[PDB]
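Worksheet: the structure to be examined is printed underneath.
All Cβ positions, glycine included, derive from the backbone under ideal geometry; neighbour counts span all protein chains shown. Every number in this text was worked out from the coordinates using simple rules, so none of it is lab data.
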Amino acid sequence: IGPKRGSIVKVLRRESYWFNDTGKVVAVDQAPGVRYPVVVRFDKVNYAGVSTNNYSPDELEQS
Amino acid sequence: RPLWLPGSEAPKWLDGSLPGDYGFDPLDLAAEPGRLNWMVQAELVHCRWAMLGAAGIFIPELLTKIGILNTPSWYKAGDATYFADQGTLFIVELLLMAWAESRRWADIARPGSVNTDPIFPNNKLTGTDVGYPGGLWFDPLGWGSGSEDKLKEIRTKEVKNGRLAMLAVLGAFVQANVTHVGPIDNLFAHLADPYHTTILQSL
Amino acid sequence: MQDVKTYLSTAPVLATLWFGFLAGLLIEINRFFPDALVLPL
Amino acid sequence: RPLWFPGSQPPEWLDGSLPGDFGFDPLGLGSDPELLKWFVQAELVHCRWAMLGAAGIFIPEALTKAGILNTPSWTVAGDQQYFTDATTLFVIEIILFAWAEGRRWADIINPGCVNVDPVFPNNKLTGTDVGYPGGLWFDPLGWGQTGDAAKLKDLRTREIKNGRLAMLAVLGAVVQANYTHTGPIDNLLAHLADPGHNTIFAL
Amino acid sequence: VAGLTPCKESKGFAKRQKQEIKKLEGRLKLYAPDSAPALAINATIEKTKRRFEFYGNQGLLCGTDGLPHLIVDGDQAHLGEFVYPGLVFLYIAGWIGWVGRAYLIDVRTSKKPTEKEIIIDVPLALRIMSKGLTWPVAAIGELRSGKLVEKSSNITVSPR
Amino acid sequence: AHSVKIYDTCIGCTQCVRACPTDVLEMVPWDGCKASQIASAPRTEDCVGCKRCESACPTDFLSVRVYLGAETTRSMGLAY
Ligand code: CLA
Ligand SMILES: CC1=C[C@H](O)CC(C)(C)[C@H]1/C=C/C(C)=C/C=C/C(C)=C/C=C/C=C(C)/C=C/C=C(C)/C=C/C1=C(C)C[C@H](O)CC1(C)C
Ligand code: SF4
């Protein structure tokens with residue numbers, strides 16, 4: 001599943017720090033039952049200092 | 001081709017097709033796609049208004065120095081009285097400039113659209129390139145047509161004579177601001193004592 | 001100078017060198033042209 | 001290889017390829033290869049301006065002491081009155097050196113680009129190294145263009161070491177005028193009489 | 001204009017010139033006339049007399065306090081109080097705003113974009129600080145071409 | 001007392017439990033992540049409300065979330 005590994009996606013999740021921000025997909029989990037399989041890496045950190053977050057494919061579009 | 005600065009790379013937008021191209025865009029004012037079409041039309045009116053400007057600033061002042069016209073100076077020509085009011089002649093100009101420049105505005109925006117007459121449509125302008133309205137009203141001698149290498153030379157001669165006139169007219173402006181003397185007398189005061197009539201002495 | 005000029009290009013040094021030049025310029029404007037309340041040009 | 005400090009190891013950036021290279025870099029400011037080529041270019045025009053400086057400081061003041069010429073001292077030479085004012089003597093020189101050093105600025109950045117005369121393209125400079133332009137205007141005797149490289153390096157080494165003595169001399173003339181308030185030829189003849197006492201500690 | 005006399009014919013403005021030199025002349029009475037601190041007060045008096053003769057010659061408006069007041073409405077007499085040095089300012093302030101904006105675009109497309117802001121790339125900086133000279137033609141040029149503003153779909157927006 | 005809620009954005013990184021100073025959080029099995037575990041708050045009546053778990057949660061936005069509600073002698077942290 002997922003759009004593609006190594007692709008550029010835009011986050012549609014409202015409560016994330018990287019909403020409407022360009023991110024790079026580093027891992028998509030193909031195991032069933034995982035709610036947020038797509039792991040997206042960002043060039044900028046959030047207030048917690050991390051750049052790695054998991055999103056569903058419904059919360060991302062290819063840009 | 002020769003450039004404005006030897007050892008400097010020419011910009012990617014100024015490729016050398018345009019007449020008068022010496023790769024001189026250091027501040028990148030014509031980089032953007034579609035922008036160099038506007039800046040040639042801007043250069044062409046400014047160069048032709050300055051050659052019209054230099055023929056009305058220096059040539060009547062030079063013949064005043066000989067004394068066969070007795071025309072007033074150009075910076076005091078706005079105070080001169082005529083058959084019309086000086087304020088009135090501004091607005092009659094910009095009603096005529098509203099016609100002549102908006103016909104020119106549509107040529108830059110939509111080329112090949114306003115070459116036909118608004119009244120008698122058999123009269124059509126023969127100009128093909130943008131910024132060169134060939135026709136009986138503007139080029140009656142037909143000097144704007146021929147080979148492309150021959151046409152590039154006479155278009156190079158408009159803007160090289162035009163850039164000199166722009167510098168000229170910008171020079172007369174600052175000369176009349178800090179010295180308050182007309183610019184033919186500024187030339188004749190520079191052929192008498194050149195090392196004492198300089199921009200540092202005039203501040 | 002692969003690293004000395006990198007230190008000289010840091011944010012506090014370049015702020016000191018620019019504002020040293022900036023306050024150096026505005027003081028020297030305020031010597032030859034002091035008490036300037038109205039721009040004449 | 002002669003070195004400035006015979007026990008010390010020579011620096012890596014000073015490999016002896018440059019003329020007048022004696023390994024003197026205790027602060028190591030020529031460590032960057034891009035900045036070393038700028039500093040060699042900075043040292044060349046420093047050397048030749050100081051040798052031209054030392055021929056206008058120590059040569060005519062020796063003729064002033066010997067009575068050959070009635071030229072003023074080098075400290076008060078700019079204070080004298082000429083046919084051109086010294087404020088507007090600078091902007092004549094600044095304009096003339098915007099073509100002399102500005103075209104020299106391109107040769108340091110882009111080698112082999114400003115070697116062709118723009119007015120007449122047949123005239124060109126017979127030079128291949130940065131900082132040594134050659135040609136008829138700068139090397140009319142052809143001594144700087146030799147086939148052998150060992151004699152050519154020593155002649156450029158002879159140019160540098162003659163230069164850096166004058167950079168000590170013109171700096172020496174500046175501090176002598178600030179300390180003794182006397183011309184450096186007159187400081188030499190005061191020192192040639194009693195060298196034990198007439199020194200910097202004579203106060 | 002606005003009930004203010006010109007400063008060249010203001011009796012209160014000439015009173016402040018009289019009582020400022022008199023304050024400095026009484027400071028000069030306790031020094032030798034050729035002394036070094038007396039040359040500073042003598043240079044202060046000539047700086048004061050240059051100042052008052054400059055304010056009256058620019059058509060400044062002086063109130064009942066004897067003080068020069070600025071008319072910032074855009075009067076044809078009063079352009080150098082606000083309009084002329086405001087356009088001089090906004091050109092310089094837009095120069096600061098254009099070369100700082102163009103530096104961030106030039107370092108966003110880099111390998112480490114955050115190391116180029118603590119350590120400012122001077123050859124990259126100085127090649128666009130010259131380019132900030134012609135900035136109204138480049139700001140409205142980017143405004144007309146759409147490169148000045150970013151679309152709201154690519155802008156980080158806090159949720160409702 | 002305090003209501004600690006775990007959401008489905010959790011990756012099972014366990015550091016919310018490790019940052020807990022009053023043993024509220026525990027890791028239960030789950031099927032929604034690679035680690036196959038999610039946090040839970042059974043002893044939420046022992047929660048002081050310090051939000052050390054929210055400081056240690058790397059998920060944006062947070063998976064553990066502490067809502068300060070009615071406060072008792074457990075959630076006031078008193079010894080008297
Ligand atoms: C080309 C180099 C050079 C030469 C030959 C001279 C020569 C002279 N200087 Mg000196 N001087 C030099 C550069 C030079 N200086 C420099 C770089 C400075 C700046 C620090 C000064 C500042 C200076 C002062 C302020 C005074 C002298 C004075 C003197 C005279 C007395 C000697 C003395 O006290 O030396 C003092 C020497 C120094 C302070 C610096 C040492 C000079 C260089 C750097 C070292 C030697 C370099 C080189 C090996 C010299 C080769 C000499 C060779 C041709 C024989 C003597 C004629 C005095 C005078 O007027 O005498 C009456 C005087 O008061 N000098
Ligand atoms: C290298 C090194 C190594 C590491 O880096 C460390 C260190 C230590 C840093 C170093 C070193 C350094 C040094 C020593 C420096 C110095 C320099 C100099 C002194 C120069 C001068 C230089 C100098 C020069 C050019 C000079 C010039 C001159 C001139 C023009 C003159 C003129 C004149 C004349 C004729 C005469 C008249 O009447 C007057 C006049 C007009 C006045
Ligand atoms: S710290 Fe956050 S992401 Fe990690 S296990 Fe606890 S609730 Fe889940």
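Would you confirm whether or not the stretch D:44-66 contains a residue that is among the small types (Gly, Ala, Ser), within 14 Å of another protein chain (Cβ to nearest Cβ) and away from ligand 3 (no atom under 16 Å from the Cβ)?
No, the stretch D:44-66 contains no residue that is among the small types (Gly, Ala, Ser), within 14 Å of another protein chain (Cβ to nearest Cβ) and away from ligand 3 (no atom under 16 Å from the Cβ).
Among the residues of the stretch F:23-33, is there at least one that is more than 16 Å from ligand 1 (Cβ to nearest atom), more than 14 Å from every other protein chain (Cβ to nearest Cβ), on the phi > 0 side of the Ramachandran plot and acidic (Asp, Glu)? It would help to see each step written out before you state the result.
Pass one, the stretch F:23-33, residues more than 16 Å from ligand 1 (Cβ to nearest atom): F:23-33.
If we keep only those that are more than 14 Å from every other protein chain (Cβ to nearest Cβ) too, we end up with F:23-28.
Restricting the remaining residues to those that are on the phi > 0 side of the Ramachandran plot gives F:23.
Restricting the remaining residues to those that are acidic (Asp, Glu) gives F:23.
Within the stretch F:23-33 (the criterion being more than 16 Å from ligand 1 (Cβ to nearest atom), more than 14 Å from every other protein chain (Cβ to nearest Cβ), on the phi > 0 side of the Ramachandran plot and acidic (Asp, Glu)), the answer is yes, since at least one residue qualifies.
Yes or no: residue B:11 within 26 Å of residue B:161 (Cα to Cα) and either outside any helix (DSSP H, G or I) or of a type in the set (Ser, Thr, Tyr) (or both)?
yes
May I ask you to list the residues in the stretch D:71-100 that are under 21 Å from residue B:193 (Cα atoms), assigned to a loop (DSSP other than H, G, I, E, B) and among the hydrophobic types (A, V, I, L, M, F, W, C)?
Across the stretch D:71-100, the qualifying residue is only D:83.
Condition check ((1) assigned to a loop (DSSP other than H, G, I, E, B); (2) out of contact with any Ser or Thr (no Cβ under 8 Å at 6 or more places or on another chain); (3) away from chain D (no Cβ under 14 Å); (4) not hydrophobic (A, V, I, L, M, F, W, C)) across all residues:
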| site | (1), (2), (3), (4) |
| --- | --- |
| C:5 | no, yes, no, yes |
| C:12 | no, yes, yes, yes |
| C:16 | no, yes, yes, yes |
| C:25 | no, yes, yes, no |
| C:30 | no, yes, yes, yes |
| C:35 | yes, yes, yes, yes |
| C:40 | yes, yes, yes, yes |
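Within the stretch F:42-62, count every residue that is part of a loop (DSSP other than H, G, I, E, B) and charged (D, E, K, R).
3
Table: residues versus (1) more than 16 Å from ligand 3 (Cβ to nearest atom); (2) among the acidic types (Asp, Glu); (3) more than 14 Å from chain B (Cβ to nearest Cβ).
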| position | (1), (2), (3) |
| --- | --- |
| D:106 | yes, no, no |
| D:118 | yes, no, no |
| D:129 | yes, yes, yes |
| D:139 | yes, yes, yes |
| D:144 | yes, no, yes |
| D:149 | yes, no, yes |
| D:170 | yes, no, yes |
| D:189 | yes, no, yes |
| D:195 | yes, no, yes |
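Considering only residues that are closer than 21 Å to residue D:156 by Cα, within 12 Å of chain C (Cβ to nearest Cβ) and either touching a strand residue (DSSP E or B) at 6+ places or on another chain (Cβ under 9 Å) or part of a loop (DSSP other than H, G, I, E, B) (or both), which ones fall in the stretch D:1-43?
D:13, D:25, D:30
Here are the criteria: (1) of a type outside the set (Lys, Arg); (2) under 30 Å from residue B:188 (Cβ atoms); (3) surrounded by 13 or more Cβ atoms within 10 Å (Cβ to Cβ). Tell me which single one residue B:126 does not satisfy.
So the condition that residue B:126 fails would be (2).
So, in the stretch D:174-200, how many residues would count as being near ligand 1 (Cβ under 7 Å from one of its atoms), of a type in the set (A, V, I, L, M, F, W, C) and either loosely packed, with under 15 Cβ neighbours inside 10 Å or closer than 23 Å to residue D:52 by Cβ (or both)?
Residues meeting the conditions: 3.
Hey, can you tell me all the residues within the stretch E:121-160 that are more than 7 Å from every other protein chain (Cβ to nearest Cβ), free of Cβ contacts under 8 Å to residues at least 24 places away in the same chain, part of a helix (DSSP H, G or I) and closer than 15 Å to residue E:101 by Cα?
Those that are more than 7 Å from every other protein chain (Cβ to nearest Cβ), free of Cβ contacts under 8 Å to residues at least 24 places away in the same chain, part of a helix (DSSP H, G or I) and closer than 15 Å to residue E:101 by Cα: E:124, E:126, E:127, E:140, E:142, E:143.
Which one of these is away from ligand 2 (no atom under 16 Å from the Cβ) and surrounded by fewer than 16 Cβ atoms within 10 Å (Cβ to Cβ): D:152, D:171, D:136?
Checking each option against the conditions leaves just D:136.
For chain A, which fully contained strands (runs of 3 or more DSSP E) count at least 3 residues that are surrounded by 13 or more Cβ atoms within 10 Å (Cβ to Cβ)? Break it down into steps so the answer makes sense when it comes.
Values: elements: A:8-11, A:22-28, A:38-41, A:52-55, A:60-62.
It comes to A:8-11, A:22-28, A:38-41, A:52-55.
Take the stretch E:45-103 and flag every residue that is within 26 Å of residue E:1 (Cα to Cα), part of a helix (DSSP H, G or I) and at the interface with another protein chain (Cβ under 10 Å from one of its Cβ atoms).
E:50, E:51, E:52, E:54, E:55, E:83, E:84, E:85, E:86, E:87, E:88, E:89
Suppose the filter is away from chain A (no Cβ under 14 Å), without any contact (Cβ under 8 Å) to a residue 40 or more places away in the chain and crowded, with 21+ Cβ neighbours inside 10 Å; does residue F:20 pass it?
The answer is yes for residue F:20.
Examine the stretch B:43-66 for a residue that is surrounded by 11 or more Cβ atoms within 10 Å (Cβ to Cβ) and in a loop (DSSP other than H, G, I, E, B), and state whether such a residue exists.
The answer is yes; a qualifying residue exists.
For the stretch F:34-62: of the residues being crowded, with 18+ Cβ neighbours inside 10 Å, near ligand 3 (Cβ under 9 Å from one of its atoms) and under 9 Å from the mean Cα position of the chain (by Cα), which is nearest to the other protein chains (Cβ to nearest Cβ)?
The extreme case among them is F:53.
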